[PDB]
Every structure is written in C-alpha cells, then in structure tokens.
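**Student:** Provided below: target-v7.cif, containing mmCIF, N, CA and C atoms.
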```cif
data_data
loop_
_atom_site.group_PDB
_atom_site.id
_atom_site.type_symbol
_atom_site.label_atom_id
_atom_site.label_comp_id
_atom_site.auth_asym_id
_atom_site.auth_seq_id
_atom_site.Cartn_x
_atom_site.Cartn_y
_atom_site.Cartn_z
ATOM 1 N N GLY A 1 20.974 -21.930 -13.948
ATOM 2 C CA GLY A 1 20.775 -21.927 -15.387
ATOM 3 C C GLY A 1 19.406 -22.453 -15.786
ATOM 4 N N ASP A 2 19.064 -22.302 -17.066
ATOM 5 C CA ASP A 2 17.775 -22.765 -17.585
ATOM 6 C C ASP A 2 17.721 -24.295 -17.724
ATOM 7 N N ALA A 3 18.849 -24.972 -17.472
ATOM 8 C CA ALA A 3 18.912 -26.433 -17.572
ATOM 9 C C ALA A 3 17.913 -27.108 -16.627
ATOM 10 N N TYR A 4 17.658 -26.481 -15.473
ATOM 11 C CA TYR A 4 16.721 -27.028 -14.491
ATOM 12 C C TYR A 4 15.316 -27.158 -15.078
ATOM 13 N N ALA A 5 14.914 -26.176 -15.891
ATOM 14 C CA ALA A 5 13.597 -26.194 -16.524
ATOM 15 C C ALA A 5 13.429 -27.448 -17.382
ATOM 16 N N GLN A 6 14.496 -27.818 -18.096
ATOM 17 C CA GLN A 6 14.487 -29.005 -18.949
ATOM 18 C C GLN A 6 14.597 -30.276 -18.107
ATOM 19 N N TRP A 7 15.362 -30.195 -17.014
ATOM 20 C CA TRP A 7 15.550 -31.329 -16.110
ATOM 21 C C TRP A 7 14.206 -31.806 -15.557
ATOM 22 N N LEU A 8 13.370 -30.854 -15.128
ATOM 23 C CA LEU A 8 12.048 -31.172 -14.595
ATOM 24 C C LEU A 8 11.144 -31.719 -15.700
ATOM 25 N N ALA A 9 11.278 -31.154 -16.906
ATOM 26 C CA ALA A 9 10.485 -31.585 -18.057
ATOM 27 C C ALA A 9 10.765 -33.047 -18.415
ATOM 28 N N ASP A 10 11.966 -33.529 -18.073
ATOM 29 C CA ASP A 10 12.354 -34.912 -18.349
ATOM 30 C C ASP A 10 11.925 -35.855 -17.214
ATOM 31 N N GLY A 11 10.984 -35.405 -16.376
ATOM 32 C CA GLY A 11 10.507 -36.220 -15.273
ATOM 33 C C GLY A 11 11.316 -36.036 -13.997
ATOM 34 N N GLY A 12 12.065 -34.930 -13.905
ATOM 35 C CA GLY A 12 12.871 -34.671 -12.722
ATOM 36 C C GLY A 12 13.825 -35.815 -12.410
ATOM 37 N N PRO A 13 13.907 -36.263 -11.137
ATOM 38 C CA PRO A 13 14.796 -37.369 -10.739
ATOM 39 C C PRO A 13 14.664 -38.598 -11.645
ATOM 40 N N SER A 14 13.446 -38.846 -12.141
ATOM 41 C CA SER A 14 13.174 -39.992 -13.015
ATOM 42 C C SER A 14 14.081 -39.999 -14.249
ATOM 43 N N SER A 15 14.420 -38.807 -14.753
ATOM 44 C CA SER A 15 15.281 -38.674 -15.926
ATOM 45 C C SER A 15 16.576 -39.478 -15.773
ATOM 46 N N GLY A 16 17.127 -39.496 -14.557
ATOM 47 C CA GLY A 16 18.358 -40.227 -14.303
ATOM 48 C C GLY A 16 19.592 -39.342 -14.371
ATOM 49 N N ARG A 17 19.423 -38.047 -14.082
ATOM 50 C CA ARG A 17 20.534 -37.096 -14.115
ATOM 51 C C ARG A 17 20.479 -36.155 -12.910
ATOM 52 N N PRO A 18 21.627 -35.561 -12.529
ATOM 53 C CA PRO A 18 21.696 -34.635 -11.395
ATOM 54 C C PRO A 18 21.062 -33.280 -11.717
ATOM 55 N N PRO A 19 20.300 -32.701 -10.765
ATOM 56 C CA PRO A 19 19.639 -31.407 -10.963
ATOM 57 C C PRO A 19 20.643 -30.263 -11.134
ATOM 58 N N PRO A 20 20.624 -29.599 -12.309
ATOM 59 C CA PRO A 20 21.525 -28.479 -12.616
ATOM 60 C C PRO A 20 21.563 -27.432 -11.503
ATOM 61 N N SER A 21 22.728 -26.811 -11.319
ATOM 62 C CA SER A 21 22.901 -25.789 -10.292
ATOM 63 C C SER A 21 23.141 -24.416 -10.927
ATOM 64 N N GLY A 22 22.052 -23.726 -11.278
ATOM 65 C CA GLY A 22 22.165 -22.413 -11.891
ATOM 66 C C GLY A 22 22.066 -22.470 -13.405
#
```
Take the structure in this file and express it as structure tokens.

**Tutor:**
Amino acid sequence: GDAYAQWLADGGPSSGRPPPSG
C-alpha cells in the first residue's frame, strides 16, 4: 500500500511504527 511512502516520510524506523506491508 501507499502507507509505506508516508512511513518513510515520518523518518522511517524513527517514526516508531511498523513498516506497512502493501
């Protein structure tokens, strides 16, 4: 899913959330 694009924008792992799968 497009959630990964936002996940990286939030600093990736730094954000404090699991990387979306699809």

**Student:** Report as an MDAnalysis selection string the residues that result from applying the PyMOL selection byres ((chain A and resi 21) around 7) to the structure here.

**Tutor:** chainID A and resid 1 4 18:20 22

**Student:** Report, as AutoDock Vina command-line options, the axis-aligned box around all atoms of segment 9-13 of chain A present in the file, extended by 4 Å on each side; give centre and edge lengths in Å to one decimal place.

**Tutor:**
```
--center_x 12.6 --center_y -34.9 --center_z -14.6 --size_x 12.3 --size_y 15.4 --size_z 15.7
```

**Student:** One number please: atom N of residue 2 of chain A to atom N of residue 15 of chain A, in Å, one decimal.

**Tutor:**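 The value is 17.3 Å.
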